[PDB]
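Read the structure below first, then the notes.
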Amino acid sequence: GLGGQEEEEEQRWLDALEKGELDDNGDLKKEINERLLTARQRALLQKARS
Amino acid sequence: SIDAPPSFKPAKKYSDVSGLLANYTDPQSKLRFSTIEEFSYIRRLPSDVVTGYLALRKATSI
Amino acid sequence: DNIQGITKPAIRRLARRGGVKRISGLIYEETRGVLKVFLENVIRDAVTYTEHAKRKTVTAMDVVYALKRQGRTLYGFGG
Amino acid sequence: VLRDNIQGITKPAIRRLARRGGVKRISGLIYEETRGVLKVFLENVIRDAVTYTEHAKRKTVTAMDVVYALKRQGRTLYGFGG
Amino acid sequence: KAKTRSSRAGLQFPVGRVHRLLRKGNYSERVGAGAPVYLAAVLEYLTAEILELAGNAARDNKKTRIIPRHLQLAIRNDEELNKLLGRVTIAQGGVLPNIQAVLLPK
Amino acid sequence: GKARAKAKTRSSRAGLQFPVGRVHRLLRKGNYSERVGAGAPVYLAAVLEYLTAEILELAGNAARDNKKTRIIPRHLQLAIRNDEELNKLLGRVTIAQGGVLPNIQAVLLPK
Amino acid sequence: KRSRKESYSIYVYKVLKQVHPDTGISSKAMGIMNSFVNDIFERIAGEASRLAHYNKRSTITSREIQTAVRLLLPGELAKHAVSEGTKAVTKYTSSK
Amino acid sequence: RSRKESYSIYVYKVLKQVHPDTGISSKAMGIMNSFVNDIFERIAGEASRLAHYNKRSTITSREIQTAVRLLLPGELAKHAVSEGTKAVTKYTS
Amino acid sequence: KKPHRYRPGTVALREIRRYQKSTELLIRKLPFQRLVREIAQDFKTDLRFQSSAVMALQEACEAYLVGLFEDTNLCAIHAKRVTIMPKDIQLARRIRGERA
Amino acid sequence: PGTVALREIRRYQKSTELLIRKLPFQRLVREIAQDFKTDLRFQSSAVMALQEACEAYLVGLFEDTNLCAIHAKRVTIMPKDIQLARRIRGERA
Amino acid sequence: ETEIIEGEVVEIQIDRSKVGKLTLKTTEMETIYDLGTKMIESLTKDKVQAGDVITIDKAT
């Protein structure tokens with residue numbers, strides 16, 4: 001029913017549990033977005049990427 | 001200077017729970033008791049009245 | 001009876017939030033023992049705070065202070 | 001001079017610390033990771049001691065600045081004072 | 001005419017309340033007037049820092065209102081918040097979506 | 001006039017050995033509260049004195065059993081780690097140059 | 001009759017709206033934050049009390065709080081907090 | 001010139017009270033000084049927090065007695081309360 | 001839906017993905033809300049509870065049990081089990097300083 | 001083999017001395033510190049207080065690791081065990 | 001008519017004249033006594049120890 005708006009990612013996450021395509025802690029693999037990052041996370045990455 | 005002296009003979013042990021003469025004092029509650037049914041009674045008292053009876057004789061609790 | 005109020009499926013639910021795949025049949029009652037001694041250690045400190053405060057309803061503050069002292073703190077109960 | 005002087009932690013010292021901890025056999029994989037784990041502990045204790053020293057404007061670290069680091073890290077020490 | 005210390009510091013948080021607490025919290029006999037400015041700015045910053053992650057967590061988890069889940073998500077993903085909040089727990093906060101990979105079916 | 005010569009200490013009036021006046025001095029200058037009770041430092045001194053008596057008695061037993069009578073950090077560590085009550089009071093602390101309590105695991109012992 | 005009860009409510013709500021204007025917050029989440037704000041204040045000011053004793057000082061002071069926050073905060077969270085505390089002191093000391 | 005404010009003579013007097021044959025190395029005196037100072041900071045810190053939670057200006061014998069009741073373990077707490085109440089009992093006369 | 005009856009010891013993962021996601025408290029309120037009173041009354045009889053205090057206890061205690069179980073998961077995985085067994089809890093509770 | 005290792009355990013648990021050499025550890029302290037600040041000085045006792053805390057931390061780590069290894073029945077120890085001990089005591093993740 | 005004490009001695013302590021304190025038990029009650037000198041010089045003389053059962057003619 002209408003619960004598909006919250007169930008579909010779990011339905012995909014079970015399909016990926018069969019396929020074994022999960023990430024290093026068992027999530028569905030996803031695009032990283034740097035617009036979500038704080039100035040401190042940007043600084044931690046700046047200090048790592050050298 | 002009118003306060004009377006401290007007593008010259010030692011104080012009797014009257015039992016705390018009944019006033020009858022106390023041949024005994026309990027290692028746990030430190031009260032004075034006279035009979036076996038008084039020992040059976042004092043081990044059923046709450047700590048509050050035990051320290052109450054002790055304080056009533058300026059003994060080892062406040 | 002009261003300690004068995006930690007239900008056999010509640011042990012499974014809690015361990016499944018804890019990520020574990022499978023439970024051995026002996027886990028349950030000794031885990032109630034662990035929950036019991038943890039509850040007891042926090043509740044007795046909370047009562048110790050409540051008695052100094054003269055009150056005799058155990059407050060959310062009495063248990064927050066016990067948990068804060070024991071380094072098992074929580075937020076959301078007005079710390 | 002300056003160096004990676006964590007290789008001043010001689011292998012018999014690691015064996016002795018392990019033997020004082022009562023572990024009987026010590027694989028070749030232990031030693032260099034254990035040097036890392038020791039260094040990581042020193043880094044925090046030193047970071048903190050250096051900051052207690054910065055309030056006092058000192059260059060000279062005392063046994064107190066480390067005892068205070070050990071207090072904030074919850075691994076307190078008796079005998080040096082504090 | 002009068003105005004708050006917060007307005008001069010550029011802070012939203014009430015600097016006078018912080019100075020009143022720095023007295024009554026038994027921390028020392030005296031308190032420098034810039035101490036509550038610096039400390040309120042740190043409190044306000046730590047609050048802005050965590051709630052920026054909470055707002056992004058709420059938005060990504062498809063909700064308009066921040067709840068204890070979005071706080072736990074903000075707290076446990078950023079290791080410096082997680083390491084600061086190591087000895088504390090969140091009212092109805094749950095935990096991260098994280099699975100021990102050895103437990104997957106093979 | 002003038003104040004009392006050889007005025008009796010709070011400690012010796014209480015029957016204590018610890019410096020009750022210093023306990024009050026340190027409670028007040030240590031900023032723990034803006035006012036401090038007169039019997040508060042008596043009680044505190046008596047607790048510190050009791051813990052001191054107990055820990056030193058167990059350390060002196062550890063010294064006697066070790067064939068010694070000068071306490072060294074070893075005897076205190078042996079006392080503190082033999083007694084479960086001191087051990088669980090003293091979990092977050094190291095006794096400097098006291099070493100560790102000697103213990104072999106049952107799996108490491110013979111046969 | 002009951003007294004007014006102390007919480008940072010409009011100030012934490014203003015701190016939310018200045019970074020996520022679109023977003024609301026629950027009374028539970030506000031209670032968690034108000035608890036956290038008071039707890040971190042107590043850690044910083046409690047550690048500051050020890051730093052004051054370690055230096056025999058009578059005054060809790062921004063110069064000394066700058067040591068207590070870098071002791072308590074892990075990693076770069078210290079560096080950013082020390083910067084913003086310095087920016088707040090910069091705005092205030094420009095006017096007094 | 002400079003000072004340290006140690007408990008040394010009091011802990012030594014207590015030693016000779018419990019075990020008249022026994023003595024202290026200054027390294028063990030360092031343990032005892034560290035210990036009694038730390039337990040003082042623990043109890044006074046607990047009592048301070050407890051008084052502030054109860055919105056008092058004062059710590060008294062009941063604040064400290066409760067702070068000790070929190071800090072100490074099993075039988076040592078029972079005996080510590082016993083000596084704390086005995087001392088206050090024989091002081092208040 | 002589609003995996004249905006797939007591999008016993010894997011509806012376990014269907015359970016993890018329910019309880020890890022959700023805000024619920026997994027012990028029933030009423031049994032626990034009596035048990036906290038029974039635990040308290042041995043030390044002082046005739047105690048009441050604030051209706052928030054029992055919830056603060058439950059939420060701290062369920063978090064303590066959940067953290068213990070996840071640490072116990074590492075104890076099982078370290079010993080190459082996916083079944084938690086009593087000795088796993090004994091290791092965790094000793095190393096965290098709760099039993100020694 | 002393996003009998004004299006038990007006699008080493010007994011000997012080092014009867015003794016109370018520093019197990020790391022003073023001069024190498026004294027350099028290690030300074031060599032780490034020189035990028036937390038320039039040119040740190042150290043009081044003579046400070047290096048010893050550091051070394052005592054570090055050796056006590058390592059003995060406690062090996063003690064907790066011993067319980068990890070013997071839980072896994074293996075009498076020999078590996079990083080496989082230490083990475084439980086740190087993760088479960090709480091210094092990592 | 002004779003006054004007789006009869007019990008298990010639970011604990012017994014003696015200081016350094018002498019003063020001492022003695023505890024006695026039956027299957028039904030427990031008691032503590034401050035001893036007088038002429039009991040101390042009997043309990044010590046007869047090497048009494050905790051866990052003994054003892055009967056004492058109080059007049060002697």
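By convention here, the chains of the structure tokens are called A, B, ... in the order presented, each chain's residues are numbered starting at 1, and ligands are numbered starting at 1 in the order presented.
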Give me the residues near residue E:106 as an mmCIF file with C-alpha atoms, in the first residue's frame, where near means some atom within 12 Å (using only C-alpha atoms) and where sequence neighbours in that chain fewer than 5 positions away do not count.
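The file below, result.cif, is the result:
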data_model
loop_
_atom_site.group_PDB
_atom_site.id
_atom_site.type_symbol
_atom_site.label_atom_id
_atom_site.label_comp_id
_atom_site.auth_asym_id
_atom_site.auth_seq_id
_atom_site.Cartn_x
_atom_site.Cartn_y
_atom_site.Cartn_z
ATOM 1 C CA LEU A 17 21.321 -8.429 1.126
ATOM 2 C CA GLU A 18 20.795 -11.215 -1.482
ATOM 3 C CA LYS A 19 23.261 -9.590 -3.987
ATOM 4 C CA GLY A 20 26.029 -8.747 -1.422
ATOM 5 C CA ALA E 101 29.509 -7.550 8.020
ATOM 6 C CA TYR I 6 15.287 -17.516 2.906
ATOM 7 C CA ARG I 7 18.031 -19.217 5.074
ATOM 8 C CA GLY I 9 19.334 -17.160 10.768
ATOM 9 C CA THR I 10 18.370 -14.356 8.243
#
* Can you check which residues of chain J DSSP gives as strand (DSSP E) on the backbone and send them as a list in words? =>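 The strand (DSSP E) residues within chain J come out as residues 41, 42, 76 and 77 of chain J.
The residue set within 12 Å of residue G:96, counting only C-alpha atoms and dropping same-chain residues fewer than 6 places from it, reads residues 3, 4, 5, 6, 7, 8, 9, 33, 34 and 37 of chain E; 88, 89 and 90 of chain G.
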* Residues within 7 Å of residue E:32, only C-alpha atoms, excluding chain neighbours under 4 positions, as a PyMOL selection string -> chain G and resi 59-61
The selected residues should be written to file as a tab-separated table (two decimals), in the first residue's frame (atoms: N, CA and C atoms).
chain	number	residue	atom	x	y	z
G	59	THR	N	40.30	34.19	39.60
G	59	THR	CA	39.36	34.53	38.52
G	59	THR	C	39.25	33.44	37.46
G	60	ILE	N	38.03	32.93	37.23
G	60	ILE	CA	37.69	32.21	35.99
G	60	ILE	C	37.86	33.20	34.83
G	61	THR	N	38.68	32.90	33.82
G	61	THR	CA	39.13	33.90	32.84
G	61	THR	C	39.18	33.35	31.42
* Output as a ChimeraX atom specification the set of chain H residues within 8 Å of chain B, with distances taken over only C-alpha atoms. => /H:85-86,89
